[PDB]
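> Encoded as structure tokens, here's the structure I'll be asking about.
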Amino acid sequence: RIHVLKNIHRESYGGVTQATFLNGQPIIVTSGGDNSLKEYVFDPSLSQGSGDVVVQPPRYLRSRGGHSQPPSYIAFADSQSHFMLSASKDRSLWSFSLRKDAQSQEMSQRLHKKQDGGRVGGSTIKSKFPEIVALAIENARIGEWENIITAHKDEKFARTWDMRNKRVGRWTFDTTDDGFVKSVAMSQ
Amino acid sequence: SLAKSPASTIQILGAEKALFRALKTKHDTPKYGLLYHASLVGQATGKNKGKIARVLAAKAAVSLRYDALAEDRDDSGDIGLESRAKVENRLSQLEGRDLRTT
Amino acid sequence: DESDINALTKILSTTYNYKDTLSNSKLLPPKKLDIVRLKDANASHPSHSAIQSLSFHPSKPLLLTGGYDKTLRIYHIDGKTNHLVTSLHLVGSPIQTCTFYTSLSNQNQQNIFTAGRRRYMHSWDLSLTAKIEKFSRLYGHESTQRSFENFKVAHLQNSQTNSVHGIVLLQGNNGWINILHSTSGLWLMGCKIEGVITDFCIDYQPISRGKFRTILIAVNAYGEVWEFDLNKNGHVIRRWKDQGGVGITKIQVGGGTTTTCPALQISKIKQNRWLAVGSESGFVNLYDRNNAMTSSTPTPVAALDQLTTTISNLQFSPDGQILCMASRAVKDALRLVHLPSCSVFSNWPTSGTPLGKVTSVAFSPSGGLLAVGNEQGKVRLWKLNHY
Amino acid sequence: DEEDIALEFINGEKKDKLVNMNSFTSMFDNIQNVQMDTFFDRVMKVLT
Amino acid sequence: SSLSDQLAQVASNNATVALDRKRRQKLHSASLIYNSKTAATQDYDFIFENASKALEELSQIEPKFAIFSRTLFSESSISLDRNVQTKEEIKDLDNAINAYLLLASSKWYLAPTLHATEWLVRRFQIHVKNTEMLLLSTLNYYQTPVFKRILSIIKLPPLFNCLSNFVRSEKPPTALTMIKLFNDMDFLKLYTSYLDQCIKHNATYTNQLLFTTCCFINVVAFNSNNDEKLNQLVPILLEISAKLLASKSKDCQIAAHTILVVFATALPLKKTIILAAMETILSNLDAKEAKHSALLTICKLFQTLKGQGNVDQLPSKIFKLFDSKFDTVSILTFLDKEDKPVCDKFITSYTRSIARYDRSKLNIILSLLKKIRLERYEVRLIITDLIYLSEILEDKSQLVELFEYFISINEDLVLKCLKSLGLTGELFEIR
Amino acid sequence: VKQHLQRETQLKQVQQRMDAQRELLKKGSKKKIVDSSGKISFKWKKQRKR
Amino acid sequence: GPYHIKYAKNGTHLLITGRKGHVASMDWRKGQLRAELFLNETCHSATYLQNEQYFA
Amino acid sequence: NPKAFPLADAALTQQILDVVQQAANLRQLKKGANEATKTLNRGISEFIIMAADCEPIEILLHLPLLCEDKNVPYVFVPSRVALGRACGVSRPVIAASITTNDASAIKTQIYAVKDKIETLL
């Protein structure tokens with residue numbers, strides 16, 4: 001048994017639904033019911049004499065994907081109707097392209113560093129943010145600082161995001177009255 | 001008179017002129033002395049022959065004052081032999097390390 | 001080539017996991033814990049002082065916290081929402097030790113005994129107004145007991161009837177332990193050790209059907225340990241010496257029924273296997289009483305040295321497979337040492353565990369669940385997924 | 001009494017030696033021309 | 001990619017072809033005996049004739065080199081150039097070189113093999129073409145100047161990357177460097193394939209088995225604190241344990257015993273894996289030192305076994321196989337040893353398998369559990385299945401005297417098991 | 001002999017102050033303890049060496 | 001761009017020119033290049049002169 | 001061990017190890033046999049504590065021989081492990097010299113313990 005790629009697709013959406021080798025090629029395309037299509041490639045062997053017995057494990061290559069759950073919120077990122085921000089119940093914020101579907105990219109949730117230098121809390125096993133109730137994007141100062149302000153399900157602070165970097169921001173705005181965030185806005 | 005001397009003295013015991021010039025001006029003292037010609041310090045190589053000159057002088061102080069101060073001593077080499085096993089596996093564990101990065 | 005001593009090759013080509021699965025383990029794996037963090041237990045209602053003592057209920061899902069702000073709080077604990085059951089503020093009486101007592105006869109009393117640096121000790125009778133009584137009479141022995149701080153509650157059998165009753169045990173000045181009734185407050189007996197009494201613990205051993213025997217285990221500061229049989233008159237049966245150990249702060253037993261894992265039914269009383277003597281340098285000797293009740297200079301099965309300042313808590317998990325060393329002197333000084341292997345778990349606590357300055361610790365009797373109270377006034381709560 | 005049987009099952013467990021990073025580092029010095037059964041009991045002395 | 005990268009690829013392909021005099025000198029001065037200034041002036045006839053002398057010496061020591069005198073060391077091979085024939089002739093002579101190297105891996109302490117493989121280094125360029133097999137064959141000799149020499153002249157493969165600070169150095173690689181070399185997973189797959197060819201062609205020698213087992217148990221020791229690396233590592237070293245147990249050498253069998261005992265005490269393996277491991281241990285047990293190691297290995301592998309199911313009766317096939325390899329006198333004697341091994345759970349499983357599968361040899365289980373002491377759950381399960389034996393078959397003196405032993409010690413426990421199932425007056429009326 | 005004694009006691013005092021400074025700059029937790037006069041001392045935390 | 005190829009008159013050296021600017025003189029049979037120069041105007045052709053030592 | 005003269009009883013060894021612990025907190029002791037003999041040579045030791053627990057005791061019983069030359073008090077305690085705990089290191093300590101001071105906070109405790117030592121000489 002060469003290798004096992006575990007959790008290559010979600011079991012709840014069907015597992016790996018079709019996997020096929022492109023023939024003559026060391027690349028295999030998988031697709032699952034979680035709205036995802038991946039490719040995995042076999043690199044050539046690392047031993048220069050044996051080869052057939054030292055099989056390097058398959059690594060990841062390109063993939064396309066979308067939301068695995070129906071989206072819960074929708075906004076347009078700019079006045080040109082090129083990108084649109086889209087948040088789903090599977091707790092991901094995607095930025096989908098209306099012009100060319102290769103440009104669709106998941107906004108990353110990799111947090112910044114704390115401003116003073118203290119530790120940030122949270123679980124070690126990183127999971128995605130609670131699913132997005134509302135959002136408000138105003139790209140007047142885009143690239144300059146935080147640009148999207150978003151409000152999640154049953155939590156008392158609103159995160160920010162940067163659409164230029166396509167990532168989370170440094171700030172989570174609290175409500176200061178122990179109430180969940182019911183709306184967000186931002187000025188132009 | 002050798003047994004009632006500390007192990008640092010037994011380390012530097014041969015190198016008195018280098019020692020006291022390096023103390024009477026504020027310089028770095030020798031590390032070998034008369035104990036440099038032991039076979040274990042011969043087996044060591046680098047700065048760890050200073051290191052095992054130190055551990056060899058410590059175990060030699062142990063064995064030496066055992067020999068001078070024992071009364072039920074047996075002339076069989078037991079304390080010296082277990083001390084030598086301690087010094088040999090210590091020399092092994094600091095010749096096994098290497099300052100290179102692999 | 002081919003169509004379809006090879007037993008190992010076949011079992012490897014069929015298996016995909018190679019370790020024991022979930023419940024066919026029944027005893028803890030060493031060196032890697034499995035411990036999730038729950039909601040902080042006193043997060044619902046904050047404490048106004050360092051949390052000096054902490055005890056679970058023997059049966060109910062209740063956690064009693066208490067500290068120098070002279071109030072004691074009971075929390076219904078669960079995973080999500082640890083709420084506050086009730087809360088009693090004794091004015092002018094800061095509390096230092098607070099214990100759920102539950103008798104063996106009917107298991108229906110549910111007293112809380114609490115005490116601090118005072119010449120009295122309160123006893124709240126749990127009734128869900130609040131009827132509390134005050135013990136303030138040493139029946140002729142007030143000179144040798146000037147503060148009710150260090151007490152422990154235990155069970156005692158009459159040994160001519162099969163009638164048990166609770167005793168509280170007060171650590172006094174000279175070498176004295178004053179044992180007195182937990183309902184009437186009558187001074188029953190006293191046990192004097194020779195030196196500076198620093199701590200003590202209670203061991204039980206069964207004898208026959210429905211009869212057990214209570215042993216008080218009291219340690220000098222120097223390291224010599226007395227064991228008193230006290231189901232008879234409080235007479236010494238064994239006197240031994242801790243190997244090493246010069247400033248001795250805390251002794252504990254474990255592996256059977258301690259005062260912190262209490263037995264609900266008299267036939268469920270067990271003999272303790274382990275005995276940990278934790279010291280001022282942070283050294284914890286660990287003795288195995290399945291063989292170290294005979295030697296009279298017994299050697300420890302291991303001397304742990306992992307945390308370097310004064311041992312102020314050491315508690316055994318109810319199964320008796322984890323010991324918890326803890327120090328209130330520096331921050332984050334808590335270790336969970338697995339035993340019989342006598343090896344500290346290396347994956348918890350990490351550098352980011354919010355342990356704080358650990359000034360109390362408690363183990364749940366059923367859930368497999370740590371509560372750790374620090375000097376900021378916070379009980380943090382963890383669940384061990386082996387249980 | 002299944003809790004008592006489970007407590008005696010976890011009570012009958014004996015202290016063992018665990019493998020460290022450096023429980024076997026000092027064997028290369030004396031794997032020189034010794035026999036393999038002497039190596040086996042030298043390993044078993046480390047494990048016990 | 002870039003042009004200098006693609007040209008480095010074509011240089012690495014054309015590494016061995018001498019395309020002018022300076023490359024021929026730099027490429028022919030790489031000797032294993034002489035220094036560069038002598039080695040550059042030597043011929044093929046000179047190095048061939050003294051390598052043929054050394055192969056005659058090596059062949060009268062060990063007579064399996066004569067066919068290498070027929071093909072690899074013949075006089076047609078003076079003019080045989082390596083990089084002028086096709087891939088099929090190349091794979092023919094490269095498995096010829098692999099055959100020579102794993103035959104002469106054992107002989108590396110005596111100078112005829114140095115002067116003989118000198119000709120493979122200089123004619124067939126095996127320091128740069130067949131280099132992985134050369135390193136893997138002489139890996140044992142790493143404190144020695146012959147491994148210093150092959151490291152000085154070698155071109156190091158990418159799997160052997162940590163030896164790159166010990167090439168052209170005056171000090172040998174250390175043991176911690178050897179464990180860092182073995183700690184990789186692809187290197188572990190490579191070395192296990194090398195051992196598979198060794199075990200297949202029957203060339204496993206005891207110095208190699210010692211070195212291999214030492215580095216394997218040090219890999220397991222290094223990875224003893226990360227379970228995912230141990231779990232990546234299990235079907236490699238247990239597969240090589242199966243392939244070492246599936247051979248005839250007592251030395252390689254107890255090498256596999258060492259690997260199995262360290263691996264089972266490093267992580268708790270599955271019960272069925274441990275049982276199939278003891279089946280593979282017993283299925284080829286022929287020696288005596290192998291029997292000593294096999295009994296100690298099966299005892300520790302059953303000791304490191306936790307949970308519900310540690311001390312069942314081991315099944316009928318494996319119990320009668322263990323009987324055919326180890327009878328009663330062997331088990332009783334080994335328990336009577338004053339060094340006191342820890343044989344608790346295995347001996348409990350053994351006596352329970354006797355009570356389910358033999359039903360004649362019960363005096364011996366009385367004697368052996370008189371010898372060694374067990375725990376409360378062990379003797380509780382023993383007396384429960386003895387109670388079931390009394391209720392299935394008629395209760396004679398051997399079962400009676402067993403219950404007299406279980407009355408003479410711990411009579412409260414046999415009362416507790418009878419009260420959990422049965423009665424004491426009813427059992428005394430039974431027997 | 002009397003001035004040998006004066007030289008020896010002055011050297012003892014200056015080596016004692018030098019040794020206190022060297023002991024002070026090693027490691028561990030410590031606090032500056034001030035007496036009635038102003039003769040400062042450094043009291044080290046009760047913590048054994050790891 | 002498209003690469004005009006040129007070999008030396010013994011086959012030891014190769015001289016390639018990109019249409020864009022990339023001229024590389026190299027020993028194509030070892031892995032030794034001895035000139036890689038990017039002359040950012042459109043080159044058309046090249047040749048060796050009497051050697052690998054000069055090229056136009 | 002028979003040849004470990006004056007050995008302390010429990011009360012004296014408890015107060016000896018108490019003054020060792022507070023001298024270790026005040027950085028006023030030299031722990032180890034070679035450092036003890038160095039303080040013996042330099043004459044800056046108040047008293048020497050040794051352990052009657054080392055398996056060669058002859059690695060110890062040489063500093064008595066230069067204690068009785070400088071009339072500095074010396075004493076034996078039964079446990080090298082407990083002496084190491086008192087000195088506040090992680091290793092067993094075989095001998096320990098409490099060094100001299102005249103502005104020391106624990107000068108009275110040092111003097112009381114050394115008088116209790118030289119009563120039994």
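Order determines the names: the first chain of the structure tokens is A, the second B, and so forth; residues in each chain are numbered 1 upward, and ligands are numbered 1 upward as they are shown.
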Which residues, written as a VMD selection string, have at least one atom at most 10 Å from residue E:328, with only C-alpha atoms counted and residues fewer than 2 positions away on the same chain left out?
chain E and resid 323 326 330 to 333 361 364 to 365 368
> Name the residues in contact with residue A:88 at a cut-off of 10 Å, using only C-alpha atoms, excluding same-chain residues fewer than 6 positions from it; report them as a ChimeraX atom specification.
/A:66-74,94,130-133
> Chain D near chain E within 6 Å: what's each residue's closest atom pair and its distance in Å to one decimal, counting only C-alpha atoms, ordered by chain then ascending residue number, as a Markdown table?

```
| residue | atom | partner | partner_atom | distance |
| --- | --- | --- | --- | --- |
| D:9 | CA | E:377 | CA | 5.7 |
| D:12 | CA | E:375 | CA | 5.7 |
| D:19 | CA | E:221 | CA | 5.9 |
| D:20 | CA | E:221 | CA | 5.8 |
| D:21 | CA | E:222 | CA | 4.5 |
| D:24 | CA | E:218 | CA | 5.8 |
| D:36 | CA | E:251 | CA | 5.8 |
| D:40 | CA | E:258 | CA | 5.9 |
```
> Would you mind listing, for every residue of chain G within 12 Å of chain E, the two atoms forming the shortest contact and the distance between them in Å to one decimal, using only C-alpha atoms, sorted by chain and ascending residue number, as a Markdown table?

```
| residue | atom | partner | partner_atom | distance |
| --- | --- | --- | --- | --- |
| G:11 | CA | E:19 | CA | 11.6 |
| G:12 | CA | E:19 | CA | 9.3 |
| G:14 | CA | E:7 | CA | 11.9 |
| G:16 | CA | E:3 | CA | 11.1 |
| G:22 | CA | E:3 | CA | 10.5 |
| G:23 | CA | E:3 | CA | 11.1 |
| G:24 | CA | E:3 | CA | 8.9 |
| G:25 | CA | E:3 | CA | 11.0 |
| G:26 | CA | E:7 | CA | 8.9 |
| G:27 | CA | E:7 | CA | 9.0 |
| G:28 | CA | E:7 | CA | 7.6 |
| G:29 | CA | E:14 | CA | 7.2 |
| G:30 | CA | E:11 | CA | 5.1 |
| G:31 | CA | E:11 | CA | 4.1 |
| G:32 | CA | E:7 | CA | 6.8 |
| G:33 | CA | E:4 | CA | 7.4 |
| G:34 | CA | E:4 | CA | 10.3 |
| G:35 | CA | E:4 | CA | 10.7 |
| G:36 | CA | E:3 | CA | 8.8 |
| G:37 | CA | E:3 | CA | 11.6 |
```
> Might you pull out every residue within 6 Å of residue F:30, with only C-alpha atoms counted and same-chain residues fewer than 4 positions away left off, and present them as a count of residues only?
3
> Atom CA of residue C:302 and atom CA of residue C:24, how far apart in Å?
28.4 Å
> For the strand (DSSP E) assignment from backbone DSSP, which residues of chain H qualify? Please present them as an MDAnalysis selection string.
chainID H and resid 29:31 45:51 74:77 95:99
> Keeping N, CA, C and O atoms, export the residues of the selection given above as a PDB file, in the first residue's frame.

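Output file result_1.pdb is given in full below:
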```
ATOM      1  N   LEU H  29      26.326  29.637  50.710  1.00  0.00           N
ATOM      2  CA  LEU H  29      26.916  28.325  50.893  1.00  0.00           C
ATOM      3  C   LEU H  29      27.571  27.875  49.605  1.00  0.00           C
ATOM      4  O   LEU H  29      27.171  28.267  48.510  1.00  0.00           O
ATOM      5  N   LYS H  30      28.592  27.044  49.764  1.00  0.00           N
ATOM      6  CA  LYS H  30      29.310  26.418  48.670  1.00  0.00           C
ATOM      7  C   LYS H  30      29.013  24.934  48.751  1.00  0.00           C
ATOM      8  O   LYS H  30      29.401  24.273  49.714  1.00  0.00           O
ATOM      9  N   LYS H  31      28.300  24.424  47.762  1.00  0.00           N
ATOM     10  CA  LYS H  31      27.778  23.069  47.772  1.00  0.00           C
ATOM     11  C   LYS H  31      28.669  22.181  46.926  1.00  0.00           C
ATOM     12  O   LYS H  31      28.997  22.525  45.792  1.00  0.00           O
ATOM     13  N   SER H  45      35.055  29.581  55.640  1.00  0.00           N
ATOM     14  CA  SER H  45      33.957  28.678  55.938  1.00  0.00           C
ATOM     15  C   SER H  45      33.585  28.796  57.403  1.00  0.00           C
ATOM     16  O   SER H  45      34.460  28.855  58.267  1.00  0.00           O
ATOM     17  N   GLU H  46      32.286  28.831  57.684  1.00  0.00           N
ATOM     18  CA  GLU H  46      31.846  28.828  59.072  1.00  0.00           C
ATOM     19  C   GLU H  46      31.804  27.405  59.604  1.00  0.00           C
ATOM     20  O   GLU H  46      32.487  27.085  60.577  1.00  0.00           O
ATOM     21  N   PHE H  47      31.022  26.539  58.969  1.00  0.00           N
ATOM     22  CA  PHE H  47      31.078  25.130  59.309  1.00  0.00           C
ATOM     23  C   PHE H  47      30.747  24.282  58.092  1.00  0.00           C
ATOM     24  O   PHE H  47      30.121  24.735  57.125  1.00  0.00           O
ATOM     25  N   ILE H  48      31.187  23.031  58.171  1.00  0.00           N
ATOM     26  CA  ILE H  48      31.090  22.063  57.086  1.00  0.00           C
ATOM     27  C   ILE H  48      30.026  21.045  57.446  1.00  0.00           C
ATOM     28  O   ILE H  48      30.007  20.529  58.569  1.00  0.00           O
ATOM     29  N   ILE H  49      29.143  20.755  56.504  1.00  0.00           N
ATOM     30  CA  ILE H  49      28.152  19.707  56.643  1.00  0.00           C
ATOM     31  C   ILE H  49      28.526  18.638  55.638  1.00  0.00           C
ATOM     32  O   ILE H  49      28.861  18.954  54.497  1.00  0.00           O
ATOM     33  N   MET H  50      28.515  17.388  56.060  1.00  0.00           N
ATOM     34  CA  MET H  50      28.823  16.299  55.160  1.00  0.00           C
ATOM     35  C   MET H  50      27.699  15.292  55.234  1.00  0.00           C
ATOM     36  O   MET H  50      26.844  15.361  56.108  1.00  0.00           O
ATOM     37  N   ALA H  51      27.684  14.369  54.295  1.00  0.00           N
ATOM     38  CA  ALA H  51      26.638  13.369  54.243  1.00  0.00           C
ATOM     39  C   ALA H  51      27.206  11.991  54.521  1.00  0.00           C
ATOM     40  O   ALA H  51      28.055  11.509  53.774  1.00  0.00           O
ATOM     41  N   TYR H  74      32.692  20.840  61.992  1.00  0.00           N
ATOM     42  CA  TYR H  74      32.171  19.989  60.937  1.00  0.00           C
ATOM     43  C   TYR H  74      31.211  18.986  61.537  1.00  0.00           C
ATOM     44  O   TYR H  74      31.331  18.609  62.701  1.00  0.00           O
ATOM     45  N   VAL H  75      30.256  18.550  60.726  1.00  0.00           N
ATOM     46  CA  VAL H  75      29.169  17.709  61.207  1.00  0.00           C
ATOM     47  C   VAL H  75      28.733  16.808  60.062  1.00  0.00           C
ATOM     48  O   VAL H  75      28.992  17.092  58.895  1.00  0.00           O
ATOM     49  N   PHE H  76      28.115  15.687  60.399  1.00  0.00           N
ATOM     50  CA  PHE H  76      27.565  14.762  59.425  1.00  0.00           C
ATOM     51  C   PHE H  76      26.052  14.721  59.572  1.00  0.00           C
ATOM     52  O   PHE H  76      25.529  14.769  60.685  1.00  0.00           O
ATOM     53  N   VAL H  77      25.350  14.662  58.447  1.00  0.00           N
ATOM     54  CA  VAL H  77      23.906  14.455  58.414  1.00  0.00           C
ATOM     55  C   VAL H  77      23.691  13.165  57.633  1.00  0.00           C
ATOM     56  O   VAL H  77      24.540  12.806  56.808  1.00  0.00           O
ATOM     57  N   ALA H  95      28.764  17.352  50.347  1.00  0.00           N
ATOM     58  CA  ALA H  95      29.277  18.220  51.390  1.00  0.00           C
ATOM     59  C   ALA H  95      28.921  19.650  51.049  1.00  0.00           C
ATOM     60  O   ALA H  95      28.738  19.990  49.882  1.00  0.00           O
ATOM     61  N   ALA H  96      28.823  20.483  52.070  1.00  0.00           N
ATOM     62  CA  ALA H  96      28.435  21.869  51.874  1.00  0.00           C
ATOM     63  C   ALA H  96      29.058  22.725  52.956  1.00  0.00           C
ATOM     64  O   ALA H  96      28.991  22.391  54.135  1.00  0.00           O
ATOM     65  N   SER H  97      29.632  23.841  52.555  1.00  0.00           N
ATOM     66  CA  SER H  97      30.320  24.744  53.459  1.00  0.00           C
ATOM     67  C   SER H  97      29.535  26.035  53.567  1.00  0.00           C
ATOM     68  O   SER H  97      29.308  26.696  52.555  1.00  0.00           O
ATOM     69  N   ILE H  98      29.127  26.409  54.773  1.00  0.00           N
ATOM     70  CA  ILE H  98      28.449  27.691  54.910  1.00  0.00           C
ATOM     71  C   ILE H  98      29.503  28.776  55.050  1.00  0.00           C
ATOM     72  O   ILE H  98      30.293  28.764  55.996  1.00  0.00           O
ATOM     73  N   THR H  99      29.535  29.706  54.103  1.00  0.00           N
ATOM     74  CA  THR H  99      30.619  30.665  54.063  1.00  0.00           C
ATOM     75  C   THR H  99      30.403  31.775  55.079  1.00  0.00           C
ATOM     76  O   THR H  99      29.317  31.955  55.630  1.00  0.00           O
TER      77      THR H  99
END
```
> Which residues, written as JSON, numbers by chain, have at least one atom at most 10 Å from residue A:5, with only C-alpha atoms counted and residues fewer than 4 positions away on the same chain left out?
{"A": [9, 40, 57, 58, 59]}
> Could you please select, counting only C-alpha atoms, the residues of chain D within 9 Å of chain C and state them as a list in words?
residues 4, 6, 7, 9, 10, 11, 13, 14, 15, 16, 17 and 18 of chain D
> Can you list every residue of chain F that has an atom at most 9 Å from chain H, with its nearest atom pair and the distance in Å to one decimal, using only C-alpha atoms, ordered by chain then number, as a Markdown table?

```
| residue | atom | partner | partner_atom | distance |
| --- | --- | --- | --- | --- |
| F:16 | CA | H:101 | CA | 8.8 |
| F:20 | CA | H:27 | CA | 8.7 |
| F:23 | CA | H:27 | CA | 7.5 |
| F:24 | CA | H:27 | CA | 9.0 |
| F:39 | CA | H:103 | CA | 8.6 |
| F:41 | CA | H:104 | CA | 8.8 |
| F:42 | CA | H:26 | CA | 7.6 |
| F:43 | CA | H:26 | CA | 5.8 |
| F:44 | CA | H:25 | CA | 5.4 |
| F:45 | CA | H:25 | CA | 6.7 |
| F:46 | CA | H:25 | CA | 6.2 |
| F:47 | CA | H:88 | CA | 7.2 |
| F:48 | CA | H:88 | CA | 4.5 |
| F:49 | CA | H:89 | CA | 5.0 |
| F:50 | CA | H:90 | CA | 6.5 |
```
> Using C-alpha atoms, can you write the selected residues to a file as a short mmCIF file (atom, residue, chain, number, x, y, z; two decimals), in the first residue's frame?

```cif
data_model
loop_
_atom_site.label_atom_id
_atom_site.label_comp_id
_atom_site.auth_asym_id
_atom_site.auth_seq_id
_atom_site.Cartn_x
_atom_site.Cartn_y
_atom_site.Cartn_z
CA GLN F 16 33.75 39.73 49.17
CA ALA F 20 28.55 39.38 45.86
CA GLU F 23 26.77 36.09 42.50
CA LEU F 24 24.15 38.73 41.85
CA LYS F 39 23.49 48.56 53.42
CA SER F 41 21.43 43.08 50.20
CA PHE F 42 19.77 40.86 47.63
CA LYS F 43 17.41 38.15 48.82
CA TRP F 44 16.84 35.34 46.36
CA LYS F 45 13.54 33.60 45.74
CA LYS F 46 13.05 30.19 47.31
CA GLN F 47 13.33 28.18 44.10
CA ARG F 48 15.73 25.38 43.43
CA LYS F 49 17.86 25.17 40.33
CA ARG F 50 16.32 23.25 37.43
#
```
> Name the residues in contact with residue H:70 at a cut-off of 9 Å, using only C-alpha atoms, excluding same-chain residues fewer than 2 positions from it; report them as a PDB file with N, CA and C atoms, in the first residue's frame.

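Output saved as out_38.pdb:
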```
ATOM      1  N   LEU H  40      37.722  25.732  52.852  1.00  0.00           N
ATOM      2  CA  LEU H  40      38.583  25.339  53.962  1.00  0.00           C
ATOM      3  C   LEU H  40      39.996  25.863  53.786  1.00  0.00           C
ATOM      4  N   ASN H  41      40.525  25.798  52.564  1.00  0.00           N
ATOM      5  CA  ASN H  41      41.851  26.344  52.296  1.00  0.00           C
ATOM      6  C   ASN H  41      41.876  27.847  52.491  1.00  0.00           C
ATOM      7  N   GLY H  43      39.904  29.694  54.309  1.00  0.00           N
ATOM      8  CA  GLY H  43      39.518  30.162  55.627  1.00  0.00           C
ATOM      9  C   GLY H  43      38.308  31.064  55.619  1.00  0.00           C
ATOM     10  N   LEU H  66      41.562  18.522  57.327  1.00  0.00           N
ATOM     11  CA  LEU H  66      41.939  19.925  57.338  1.00  0.00           C
ATOM     12  C   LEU H  66      40.888  20.813  57.982  1.00  0.00           C
ATOM     13  N   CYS H  67      39.818  20.233  58.517  1.00  0.00           N
ATOM     14  CA  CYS H  67      38.994  20.958  59.471  1.00  0.00           C
ATOM     15  C   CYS H  67      39.657  21.008  60.833  1.00  0.00           C
ATOM     16  N   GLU H  68      40.269  19.905  61.245  1.00  0.00           N
ATOM     17  CA  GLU H  68      40.905  19.863  62.555  1.00  0.00           C
ATOM     18  C   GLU H  68      42.235  20.605  62.592  1.00  0.00           C
ATOM     19  N   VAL H  72      37.738  24.539  62.439  1.00  0.00           N
ATOM     20  CA  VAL H  72      36.426  24.895  61.916  1.00  0.00           C
ATOM     21  C   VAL H  72      35.483  23.738  62.230  1.00  0.00           C
TER      22      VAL H  72
END
```
> I need the alpha helix (DSSP H) residues of stretch 296-349 of chain E per DSSP on the backbone, written as a PyMOL selection string.
chain E and resi 296-303+316-325+328-335+344-349
> Can you build me a table of chain A residues sitting at most 12 Å from chain E, with the closest atom pair per residue and its distance in Å to one decimal, using only C-alpha atoms, sorted by chain and residue number, as JSON lines?

```
{"residue": "A:1", "atom": "CA", "partner": "E:235", "partner_atom": "CA", "distance": 9.4}
{"residue": "A:2", "atom": "CA", "partner": "E:235", "partner_atom": "CA", "distance": 10.7}
{"residue": "A:3", "atom": "CA", "partner": "E:232", "partner_atom": "CA", "distance": 9.9}
{"residue": "A:4", "atom": "CA", "partner": "E:232", "partner_atom": "CA", "distance": 10.7}
{"residue": "A:45", "atom": "CA", "partner": "E:186", "partner_atom": "CA", "distance": 9.4}
{"residue": "A:46", "atom": "CA", "partner": "E:159", "partner_atom": "CA", "distance": 6.9}
{"residue": "A:47", "atom": "CA", "partner": "E:159", "partner_atom": "CA", "distance": 6.5}
{"residue": "A:48", "atom": "CA", "partner": "E:157", "partner_atom": "CA", "distance": 7.3}
{"residue": "A:49", "atom": "CA", "partner": "E:132", "partner_atom": "CA", "distance": 6.7}
{"residue": "A:50", "atom": "CA", "partner": "E:190", "partner_atom": "CA", "distance": 7.3}
{"residue": "A:51", "atom": "CA", "partner": "E:190", "partner_atom": "CA", "distance": 8.8}
{"residue": "A:52", "atom": "CA", "partner": "E:190", "partner_atom": "CA", "distance": 9.9}
{"residue": "A:53", "atom": "CA", "partner": "E:193", "partner_atom": "CA", "distance": 6.9}
{"residue": "A:54", "atom": "CA", "partner": "E:189", "partner_atom": "CA", "distance": 5.8}
{"residue": "A:55", "atom": "CA", "partner": "E:186", "partner_atom": "CA", "distance": 7.9}
{"residue": "A:56", "atom": "CA", "partner": "E:186", "partner_atom": "CA", "distance": 7.6}
{"residue": "A:57", "atom": "CA", "partner": "E:186", "partner_atom": "CA", "distance": 9.8}
```
> Using only C-alpha atoms, which residues sit within 12 Å of residue E:370 once same-chain residues fewer than 5 positions away are excluded, as a list in words?
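My reading of the contact set: residues 332, 335, 336, 347, 363, 364, 365, 379, 402, 404, 405, 406, 408 and 409 of chain E.
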> One decimal, in Å: what's the spacing between atom CA of residue C:304 and atom CA of residue C:284?
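Atom CA of residue C:284 lies at a distance of 5.1 Å from atom CA of residue C:304.
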> Chain C residues within 9 Å of chain F, counting only C-alpha atoms: which ones, as a list in words?
residues 280, 281, 282, 305, 306, 307, 308, 309 and 310 of chain C
> What lies within 12 Å of residue H:9 using only C-alpha atoms, ignoring chain neighbours under 4 positions off, as a PyMOL selection string?
(chain C and resi 222) or (chain H and resi 13-17+75-79+116-117+120)
